[PDB]
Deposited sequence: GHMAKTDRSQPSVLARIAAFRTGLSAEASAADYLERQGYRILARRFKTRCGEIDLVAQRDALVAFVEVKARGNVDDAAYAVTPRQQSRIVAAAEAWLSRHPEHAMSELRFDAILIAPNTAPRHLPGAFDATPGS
């Protein structure tokens, strides 16, 4: 329901959800969302903030698998996000929570 909360939030903020709980052999992505020419790969976390090298490794590995199977996004802007879900407050969206830029 943290994941449903996060997705509902992103939809209210103008995103389309492309995948939920996306699994591949080498990683996973809680949400894949799109707005305009931008694809966001989103980690949902129970609530500064810093993504673990392990999670980064796994989300990058999963993004790679996703992009390969969705040629329509081969040249889209990619962004790695977090959403923090805490008990008595709105989801907090951290766009670009880490940089996977070359």
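_Missing CA stretches, deposited numbering from 1, N-terminus first_ = 1-24, 72-77, 133-134 are the stretches of the deposited chain that have no C-alpha coordinates in the structure.
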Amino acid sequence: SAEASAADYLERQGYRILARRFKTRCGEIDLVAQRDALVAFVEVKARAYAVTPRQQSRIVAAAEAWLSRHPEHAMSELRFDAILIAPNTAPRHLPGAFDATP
From here on, numbers count along this sequence of modelled residues.
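Q) Averaging C-alpha B-factors over each stretch, which comes out higher, 35-43 or 56-64? A) Higher mean C-alpha B-factor: 35-43.
(request) Using the B-factor values recorded in the entry, state whether the Cα atom of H73 falls in the lowest, middle or highest third among the modelled residues of its chain. (result) Within its chain, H73 is a highest-third residue by C-alpha B-factor, going by the deposited values.
task = Could you tell me which third, lowest, middle or highest, the C-alpha B-factor of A90 occupies within its chain?
result = As the PDB entry reports it, the C-alpha B-factor of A90 lands in the middle third of its chain.
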